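Read through the structure below, which is laid out as structure tokens, and then see the notes.
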Amino acid sequence: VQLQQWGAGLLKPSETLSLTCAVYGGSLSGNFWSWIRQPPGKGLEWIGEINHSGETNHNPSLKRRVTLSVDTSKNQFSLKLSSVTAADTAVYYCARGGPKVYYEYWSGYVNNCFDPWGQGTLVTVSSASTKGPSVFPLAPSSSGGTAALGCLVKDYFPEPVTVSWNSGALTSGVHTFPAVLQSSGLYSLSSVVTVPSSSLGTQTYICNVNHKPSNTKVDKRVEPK
Amino acid sequence: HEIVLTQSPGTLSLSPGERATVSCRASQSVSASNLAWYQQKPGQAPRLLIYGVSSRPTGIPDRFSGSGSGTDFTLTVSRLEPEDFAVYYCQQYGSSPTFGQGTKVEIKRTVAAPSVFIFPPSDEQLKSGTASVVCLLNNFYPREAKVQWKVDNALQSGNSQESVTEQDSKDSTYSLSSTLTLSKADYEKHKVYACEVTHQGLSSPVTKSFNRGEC
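Quick note, the sequences are listed as chains B and A, same order.
Going left to right, the first sequence walks through residues 2 to 82, 82A to 82C, 83 to 100, 100A to 100L, 101 to 128, 132 to 214 as the deposited numbering numbers them.
Going left to right, the second sequence walks through residues 0 to 27, 27A, 28 to 94, 96 to 214 as the deposited numbering numbers them.
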């Protein structure tokens, strides 16, 4: 049994999020089928479940916003989440839940743990428009031995940006940090590298910043001030 | 009225070949054996590890086991393999499904103090009306480090954001950046911009600073 899922990616607040999961190698009638989300860097939150006859159970805090549906002929099931906000930004997973059983005196669904899982679909909810970053130098100061320098990649949307140094010829000692979501709704990150301080007068350091969503490419040379 | 699952500790720092033990406590009794465990590696979906408190689905090696009842459950890995360093979650299904907050198992190494660097905002950015001051903590262990921003001795609050790298695959250290953001007007009202770093690897807190407008 294998699961494939797809749907929207970027949405604006107040839109309706829609996703679909397709089941291969098995029938929907044997199980409950769930949606589970994970905000970036956060834990897991169960959203709701649906079975082949359309019966549903919901996370009580999300029940009023969730609509689940099943297409038994296609062996697919879907999630609709209405009136999205930035708080709904998350990787959404579909998953097979507990099986339907027929015991001598009882029938129903049991053992509602999750296996297997879909690969997950990142959904981003934001009112920001697509915007390329501004790139600013993080200049090296001035025995010692080791110096630090970098590039500040500020105010872009959406994710992601890639950073290389000297067109890929400098990799050792590089740290490109995860982006942070600023209060403005735009992302920002920095990429730093530590180098020998003796070579600052004869070595050149250029950060290559590429923002594919805005078709932006910026090369910034970082020199001591 | 959901069942709340609380895991402890939040982070385990261990080496391959050592035992890991994760606790999961519930705010209400979990009926029957209705508790599962999951493992999640970065960029992957969670993977069912234990079900029915103590059962392993096919393919889960027997170094993983589970125990408990009622409001108290335990996951244990008898001897850790390198692939076992990941985040682990408990989940109950006696009621509407809920998960624990996750427990990260990371690689234990010797204490390493951070090398600290402070970066003033560039002239170009100041022209646009914003000042970003960046503080860099490079290649430290353990991950727990405290960065405070002090502007002319005044402790800043609410105007900074942090970012931390994942544990390095080669030296098992972490790196962290803290960015203090002020408008150009606010930035020019002050002189001393200082980044104060507290970390177990330091005998006393390390402060890096610069005076605005000077070399």
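Beta carbons are placed, not taken as given, at the ideal position from N, Cα and C, and that holds for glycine.
- Query: Counting Cβ pairs, one atom from each stretch, are 3 or more of them under 8 Å apart for the stretch 58-76 of chain B and the stretch 9-16 of chain B?
  - Reply: no
- Closer than 7 Å, CB to CB, is A/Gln27 near chain B or not? Here residue 27 of chain A refers to the residue found at position 28 when the second sequence is read from its first residue. Closer than 7 Å: no.
- So with Cβ pairs under 7 Å, would you call B/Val182 a contact of chain A? As a working mapping, residue 182 of chain B is identified with position 193 in the first sequence. So, not an interface residue.
- Task: At 7 Å on the CB atoms, spell out the chain B contacts of A/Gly101, in chain order.
- Result: Position 102 of the second sequence, counted from the start, is the residue given in the question as residue 101 of chain A. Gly44, listed in chain order.
- Burial state of A/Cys23 (16 or more Cβ within 10 Å): The residue given as residue 23 of chain A occupies position 24 in the second sequence. When all chains shown are included, A/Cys23 counts as buried.
- Message: What would DSSP say about A/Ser208, mapped onto helix, strand or coil?
- Response: As a first step, residue 208 of chain A must be located in the second sequence, where it is residue number 209. Note: A/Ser208 maps to strand in three-state DSSP.
- Query: Are the C-beta of B/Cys100K and some C-beta of chain A separated by less than 7 Å?
  - Reply: Counting from one through the first sequence, the residue named residue 100K of chain B turns up at place 113. Closer than 7 Å: yes.
- Query: Less than 7 Å separating the beta-carbons of A/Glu1 and A/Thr97?
  - Reply: Taking the first residue of the second sequence as 1, we reach residue 1 of chain A at position 2. Taking the first residue of the second sequence as 1, we reach residue 97 of chain A at position 98. Yes, Cβ-Cβ distance for A/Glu1 and A/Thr97 is below 7 Å.
- Reference A/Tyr91, options B/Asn32, B/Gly162, B/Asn100I, B/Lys43, closest by Cα: The residue given as residue 91 of chain A occupies position 93 in the second sequence. Here the closest residue by C-alpha is B/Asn100I.
- Message: Using only CA atoms, which one of B/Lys201, B/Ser112, B/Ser79 lies nearest to B/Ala88?
- Response: The sequence position of residue 88 of chain B within the first sequence is 90, counting from 1. Comparing Cα positions, the closest option is B/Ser112.
- Task: Give the straight-line distance between the Cα atoms of B/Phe122 and B/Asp86, rounded to the nearest whole angstrom.
- Result: Here residue 122 of chain B refers to the residue found at position 136 when the first sequence is read from its first residue. Here residue 86 of chain B refers to the residue found at position 88 when the first sequence is read from its first residue. Their Cα atoms are separated by approximately 31 Å.
- Message: Less than 7 Å between the C-beta atoms of A/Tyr86 and A/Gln166, yes or no?
- Response: Here residue 86 of chain A refers to the residue found at position 88 of the second sequence. Here residue 166 of chain A refers to the residue found at position 167 of the second sequence. Not a contact, by the Cβ cut-off of 7 Å.
- Rounded to a whole number of angstroms, what is the C-alpha to C-alpha distance between A/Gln199 and B/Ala158? The residue given as residue 199 of chain A occupies position 200 in the second sequence. The residue given as residue 158 of chain B occupies position 169 in the first sequence. Taking the straight line joining both Cα atoms gives about 35 Å.
- Query: Within 7 Å (strictly less), CB to CB, does A/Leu201 reach chain B?
  - Reply: In the second sequence, the residue the question calls residue 201 of chain A occupies position 202. Taking Cβ atoms only, chain B never reaches closer than 7 Å to A/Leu201, which makes this a no.
- As assigned by DSSP and simplified to three states, the class of B/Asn100J: Translated into positions along the first sequence, residue 100J of chain B becomes position 112. In the structure shown, B/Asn100J sits in coil (DSSP, three-state: anything other than H, G, I, E or B).
- For B/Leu45, which residues from the same chain have a beta carbon less than 6 Å from its beta carbon, with the 5 sequence-adjacent residues on both sides left out? Counting from 1 along the first sequence, the entry for residue 45 of chain B is found at position 44. Counting only Cβ-Cβ distances below 6 Å, and skipping sequence neighbours, we find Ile37, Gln39.
- Message: Would B/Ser179 and A/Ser176 qualify as a contact pair, given that the criterion is a beta-carbon distance under 7 Å?
- Response: The residue labelled residue 179 of chain B in the question sits at position 190 within the first sequence. The residue labelled residue 176 of chain A in the question sits at position 177 within the second sequence. Yes, these two residues count as a Cβ contact at 7 Å.
- Message: So if I threshold CB-CB distances at 8 Å, which residues from the stretch 167-179 of chain B count as touching chain A?
- Response: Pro167, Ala168, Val169, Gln171, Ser177, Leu178, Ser179
- Item | Nearest-angstrom beta carbon gap, B/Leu189 and B/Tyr90 [assumed within contact, 8 Å] | Within the first sequence, numbered from 1, the residue matching residue 90 of chain B stands at position 92. Within the first sequence, numbered from 1, the residue matching residue 189 of chain B stands at position 200. Not quite, the Cβ-Cβ distance comes to about 47 Å (not below 8 Å), so this is no contact.
- Task: Could you tell me the distance, in whole angstroms, from the CA atom of A/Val132 to the CA atom of B/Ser127?
- Result: Looking up residue 132 of chain A in the second sequence gives position 133. Looking up residue 127 of chain B in the first sequence gives position 141. C-alpha of A/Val132 to C-alpha of B/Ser127: approximately 14 Å in a straight line.
- For the putative contact between B/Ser177 and B/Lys143, defined by C-beta atoms under 8 Å, what is the C-beta separation to the nearest angstrom? In the first sequence, counting from the first residue as 1, residue 177 of chain B sits at position 188. In the first sequence, counting from the first residue as 1, residue 143 of chain B sits at position 154. The pair is a contact, with the Cβ atoms about 5 Å apart (cut-off 8 Å).
- Return the chain-ordered list of same chain residues with a C-beta closer than 7 Å to the C-beta of A/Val75, the five sequence neighbours on each side being excluded. Along the second sequence, one-based indexing puts residue 75 of chain A at 77. Around A/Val75: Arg18, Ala19, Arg61, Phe62, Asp82.
- Message: Count Cβ pairs between the stretch 102-116 of chain A and the stretch 9-17 of chain A that sit closer than 8 Å; are there 3 or more?
- Response: yes
- Cutoff 7 Å; reference A/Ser26; Cβ partners in own chain excluding five residues on either side: The residue given as residue 26 of chain A occupies position 27 in the second sequence. Excluding sequence neighbours, A/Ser26 sits near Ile2, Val3.
- Item | Nearest-angstrom Cα separation, counted from B/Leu82 out to B/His59 | Taking the first residue of the first sequence as 1, we reach residue 59 of chain B at position 58. Taking the first residue of the first sequence as 1, we reach residue 82 of chain B at position 81. So the two alpha carbons sit approximately 12 Å from each other.
- Query: Taking 7 Å as the CB-CB limit, is A/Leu73 close to chain B?
  - Reply: Here the question's residue 73 of chain A lines up with position 75 in the second sequence. So, not an interface residue.
- Task: Take the Cβ of B/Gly100F as the centre, count every other Cβ of all protein chains shown within 10 Å, and call the residue buried at 16 or more, exposed below.
- Result: The count along the first sequence starts at 1 and reaches residue 100F of chain B at position 108. The residue is exposed, with fewer than 16 neighbouring Cβ atoms inside 10 Å.
- Query: Among A/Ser52, A/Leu154, A/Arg211, A/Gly66, which residue has its Cα nearest to the Cα of A/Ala184?
  - Reply: The count along the second sequence starts at 1 and reaches residue 184 of chain A at position 185. Nearest C-alpha to A/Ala184: A/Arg211.
- Which of helix, strand or coil DSSP assigns to B/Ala88: What you label residue 88 of chain B is simply residue 90 of the first sequence in a count that begins at 1. B/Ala88: strand per DSSP, three-state reduction.
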